[PDB]
Every structure is written in structure tokens, then in C-alpha cells.
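Report on the following structure.
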Amino acid sequence: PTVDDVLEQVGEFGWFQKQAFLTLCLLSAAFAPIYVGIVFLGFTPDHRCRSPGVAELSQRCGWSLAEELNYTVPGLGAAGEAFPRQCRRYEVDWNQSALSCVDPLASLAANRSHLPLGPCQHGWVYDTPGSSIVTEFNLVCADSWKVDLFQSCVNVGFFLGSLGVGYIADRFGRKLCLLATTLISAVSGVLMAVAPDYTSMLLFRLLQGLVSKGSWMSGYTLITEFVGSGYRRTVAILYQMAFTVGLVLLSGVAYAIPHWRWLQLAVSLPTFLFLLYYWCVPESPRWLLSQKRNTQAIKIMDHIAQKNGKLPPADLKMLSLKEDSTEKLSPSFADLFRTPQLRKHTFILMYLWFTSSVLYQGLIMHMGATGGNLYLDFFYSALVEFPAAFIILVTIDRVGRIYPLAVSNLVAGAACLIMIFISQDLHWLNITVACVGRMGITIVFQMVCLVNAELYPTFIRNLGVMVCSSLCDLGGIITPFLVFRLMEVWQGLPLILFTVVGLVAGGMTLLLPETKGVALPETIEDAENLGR
Ligand SMILES: COc1ccc(CCN(C)CCC[C@@](C#N)(c2ccc(OC)c(OC)c2)C(C)C)cc1OC
Ligand SMILES: *[C@@H]1O[C@H](CO)[C@@H](O[C@@H]2O[C@H](CO)[C@@H](O)[C@H](O)[C@H]2NC(C)=O)[C@H](O)[C@H]1NC(C)=O
């Protein structure tokens, strides 16, 4: 009367599992807006210093947008690539000075650079018709650093949330966390759009970052626990695919409405619908059974059999763990580093997370010049992930879960290496090589997530995956400074480091035990002898 066999009897993947998976995938997309970052709220368009006198002249004679930028604005390329043109204003009186359209300012100085440069007051004039956060608070020239501060604060919030949000989810249940966390995320999201100043917006976004990953991973571990042992692959890969579909829909809607506040409100409000559909999914049977609440576990098992339509087994009355467990099974950070096998697995997984994040950031940084349309580039980037899900879904149960991950990490490393050594000049080959590298990186990410979830015990699974994921955020935060610093030492130093890191990660992946078709553990002592 173990949880595995009885679950198979009612059905590993039945209508109940299908409905629960669909309801959770509805939640998967809601994490795309929070994780994408500030790419759609903080895009910086072209900008010049507003001038009152230009408005009067704009109507007197025929004008064009390109023409106006040319001989009304200070020229670029002097004392910087575009520092003068971006946020410097000559301040020469353009009003009550009828110098003709042909020679508006040429006559006065007979030279452009030598002209007088005044302050860039009167705010700014931006190109895009829509409004972003940069346009809202004029975070353009003097406060340009504030965007980096916002991004870094959001990232450190992510890191803290990874470190801490796991314990509450693990100790107090997975449904309670998925409810409170998503509720806080929703109530902050709609609140950010009504944020008056720069501080409040940043605070609400920091809170949402603290809570979002906790919500997403609670849902992931809930669905993984619900699905049978054989079908973990399908559920996990489809959850990731649902996240990608949410990302694509985000790109589409972001193109639909540019205004950042309306975007945030439209993205946040639908989360209340999912909060309304919390009624469907009950607590994971495994967590309840481990916590010694067998009555509710059997009550739930009766329901799944009912919804499945297959008669429940008569043996449920004696449902329990394989061996008589202790009264208390509380999760704690202390228990995560006691068993040498568990400690080794945790270290390997943390290093794999860090390597994946660093390699991803390096690959995206070393990409080619950005396209004219940001939205199309983002859509293509999201689309490249679907082939990864197609590939991973067909090989996990036929070749295992260790060799694919090792080969994917090594493939991303070799992609970086070929980018470095072989000619990196603009060619059709380079874009395809970058796409292959991106596919390898996303395969690494998804495989690491799945194996890390499947490796830890049921009563500490969420905490372990959280702690191991925190290193991904740490690497994402730290890598830009590392790449900037190393570039000074030598021209191509960063890519050698990327290649060696990838090779070492691929090598270390081999130590991790295989998990092809093995029931996920429920006791730490059981997880210690998993390999044996
Ligand atoms: C610049 O825009 C982008 C921003 C981010 C990305 C992300 C690339 N990958 C989809 C990352 C996969 C990592 C991800 C998975 N799977 C993940 C899973 C578990 C994690 O730990 C619990 C985790 O850590 C943050 C990330 C998702 C949920 C974010 C692509 C982008 O291109 C579309
Ligand atoms: C950019 O602005 C300069 C203004 O100095 C333009 O140079 C003028 O070009 C016209 C012909 O298009 C000549 O008749 C003028 O004599 C030029 N000015 C001077 C001071 O020699 C230049 O053409 C502009 N370029 C664009 C693409 O708008």
C-alpha cells in the first residue's frame, strides 16, 4: 500500500492529472513577466534635449524628422560617441530669430562645436510614441545609472527570495505557499502601476521578485508530485513549454500596448483569475503522507480515483510510508548537509546552476548587433526554445537524464569556443551557431531543473531546489562585472573562461546519479543509497 503503487492503480496520468496540469500551466505563464525583467518596461529610445524655440520654427517652413535631428541638434562623435547629441543643448535662441529655414544656426557661429553648450533643461523629447519607465522619470542622462540600480535591486531580491522562500513552502505545504505567494505577487503587480514615484515602483517590484519564484517552483513541485513516476518527464517538459508559450504571448501583448503602466496592470490583473481557480488543485498526497496526516491523504486519494473514474483500491485504509516513520519530519536547512551523498549532490547541483547561468549570460553578451525591432528579436529568442523542448522530450526516457545534460553543457561550451577561435566576423554562420548555443543552454537549464527536483527527498525537495537555484541568480548578478574586468587583461580572455567552465561542468555532471524510471525518494536515508 505504498503511494506509488496505489497511485498507479487509480491511474498515473488520468483526467485529474490532466486538469491539474492544465490549471498549473495557466500559472506558468504568469512567471514570464516577472522573470523577463525590465526588457519591456525599461527600453531606452532615442532622446534629445527639448527646446521651446524649435516648436515655433517647426511649423514655419517644411520640416522632416530626419532633417530636424540633423541641423537643430548638436552633432555626435565629439568627446564621445553620442554623449553631446543625446543630452546637450546649445540653448541658442531659436525664437524671435527669423534666419530662414536654409540657415537657421549656421551664420551665428560659423562652426558647430565651438558654439555654447547649455544645460539640458525642459526635460526631454523621446522618439517612441509609447511610454516606458525611462520616459516616465526622465532617467536618461544624469540619472542613467538608476536603471542599473533598479535591475540590480530586482536581481538581489530574486537571490534573497530563492534563499528564503523555500522553507515556508516546504514547512507549511505546497498549496498554501502557491496561494499566498501568488496572491502577494498579484496584489503587488496591480499596485506597481499606481506607484507615484521611483521608490515605490522599485519596492513593489522587489517584493514581486521575492515572491514569484517561490510561487512558480511550488507549482512545479506540486505537479511533479501529482504525476506518476513514469510521466514526470512529460509533465515537467510541458510545464517549461507552457512558460515559453507565456513568454511568447508576453512579447505579443507588449507589442500590443507600449505604455508601461497599462502593460503592468493588464499583466497583473489576470493573476486574480488563477487565484480564483486555486479551488481545483488540492495538496500533494506525498507531502501530507510524510507529515503524518494520513486521513486527508486518503480523502484526497478517494477524490482522484473518483475524478479518474477508476475504482479506488480497498487497501487505502492502511496507506502509509514504506517504513514506520517518526512522528515529526520537519524540514530544516541543517538536514540538507548531513548525509555525505546528499552534500555531494547539493554541491554538484549548485555548481551546475552557477555554470548554466554564467554560460547563458556570456553567450547572450557575445551575441551580434541587436536588430532594429526589439520585439521581433525577443520573439525569435523565445521561439528558439521550442526545438529544445522537442529534443529533450524524446530522449530523456530513452537515453537517461545524465548523458543528455553533460553533452548539452559540453555543446554550449564548444559553441562558445568556436565563436571565439573561428572567425567571429559578421557571417550567416555565426547567427546559426549562436542559435545552436542557445538551444544547448536552454536544454541545460531544463535538464538541471528536472534532475535537481527529482533528486532531493519529498519533504525537502522545494528547499533544496531553491537553494541550488539561488546560485543561478548570483551568477547572473556577478558575471557582467567579471566579463568587463577580464576584457582589460586580454582581448579574448572571457571566452577561454567560458569554455573551461563549460568543460568542467560537463565533466562534473557525470558524478550525479541517474534517475531513469526510479520512484522519487521520500526519506533522506533512502536518498543516500539511491546510487547503490
Ligand atoms: C532577454 O529576455 C529573456 C530573458 C530570460 C530568458 C530565460 C531563458 N530561459 C528560459 C531560462 C530558463 C530558466 C527557468 C526555467 N526553465 C528557471 C527554472 C527554475 C529556476 O529555479 C527554480 C530558475 O531560476 C531562476 C529558472 C525559468 C522558469 C525562468 C530568455 C529571454 O529571451 C527571450
Ligand atoms: C546635416 O547638417 C548639415 C548642416 O551643416 C548639412 O550640411 C549642409 O548640406 C546642404 C545640402 O544638403 C548644403 O547646401 C549646406 O551648405 C550644408 N551645410 C554646410 C554648413 O556646408 C548636411 O547636409 C546634413 N545632412 C543630412 C543627412 O541631413
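Readers should treat all values here as calculations from the given coordinates under stated rules, not as data from a laboratory. When we count neighbours, we look across all protein chains shown, and the Cβ atoms used for this are built from the backbone with ideal geometry, even at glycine.
Since only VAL504, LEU311, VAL465 are under comparison, the one whose Cα sits farthest along the positive direction of the charge dipole of the chain, derived from C-beta charges on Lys, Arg, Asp and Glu, is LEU311. Seen from a random direction on average, the alpha-carbon convex hull of the chain projects onto 28.6 square nanometres. Once you order the gyration tensor axes a ≥ b ≥ c over the Cα atoms, which shape class does segment 1-108 get: rounded for a/c under 1.5, otherwise prolate or oblate by comparing a/b with b/c? The shape class here is prolate. Proximity of backbone amide H atoms, modeled 1.01 Å from N, is registered between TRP124 and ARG50 at under 5 Å, excluding neighbours fewer than 5 places apart on the same chain. For segment 57-85 and segment 166-218, write down the distance between their C-alpha centroids in whole Å. Here the answer is 45 Å between Cα centres. When you restrict to C-alpha pairs under 8 Å that are six or more residues apart and normalise by the size of the chain, the relative contact order lands at 21 percent. Relative contact order of segment 303-450: 29 percent, from C-alpha pairs under 8 Å at least 6 residues apart in sequence.
Computed from Cα atoms, the angle from the helix 403-421 axis to the main principal axis of the chain rounds to 20 degrees. Overall, the chain carries a charge dipole of about 740 debye about its Cα centre when +1 sits on the Cβ of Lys and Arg and -1 on the Cβ of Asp and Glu, all other atoms neutral. Over segment 327-440, the alpha carbon radius of gyration divided by the compact-protein estimate 2.2 N^0.38 Å works out to 1.40. Close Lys pairs in the chain (alpha-carbon distance under 18 Å; sequence gap of 8 or more, or different chains): 12.
With point charges of +1 on the Cβ of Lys and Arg and -1 on the Cβ of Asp and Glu, referenced to the Cα centre of the chain, which listed residue (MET241, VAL227, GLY37) lies farthest in the positive direction of the dipole? Final value for the positive-end residue is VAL227.
Only one residue of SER290, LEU206, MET217 has its Cα farthest out toward the positive end of the dipole of segment 191-307, where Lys and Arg carry +1 and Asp and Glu -1 on Cβ, and that residue is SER290. Let a ≥ b ≥ c be the square roots of the eigenvalues of the Cα gyration tensor of segment 249-389; is it rounded (a/c under 1.5), or, if not, prolate (a/b larger than b/c) or oblate? Verdict is oblate for segment 249-389.
On a per residue basis, the convex hull of the C-alpha atoms belonging to segment 171-265 measures out at 93 Å³. Electrostatic bookkeeping for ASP397 treats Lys and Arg as +1 and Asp and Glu as -1; over the other residues with beta carbon under 15 Å from its beta carbon, the sum is +2. Relative to the current alpha-carbon distance between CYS141 and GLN424, full extension at 0.36 nm per residue lengthens the span by 98.6 nm.
With all projection directions averaged, the alpha carbon convex hull of segment 48-120 covers 4.7 nm². With both labels modelled 7 Å from their Cα along Cα-to-Cβ, the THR199 to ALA109 distance reads 4.0 nm.
Full extension of the segment from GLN121 to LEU486, taken as 0.36 nm per residue of separation minus the current Cα-Cα distance, would add 127.6 nm.
Cα gyration tensor of segment 476-532, axes a ≥ b ≥ c as square roots of the eigenvalues: rounded (a/c below 1.5), prolate (a/b > b/c) or oblate? Prolate. Net charge dipole, segment 272-355: roughly 100 debye, given to the nearest 20, about the Cα centre with Cβ charges of +1 for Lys and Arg and -1 for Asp and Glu.
Available extension along the chain between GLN306 and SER332 is 5.8 nm, counting 0.36 nm per residue and deducting the alpha carbon span.
Segment 466-494 and segment 245-292 have Cα centres spaced 31 Å apart.
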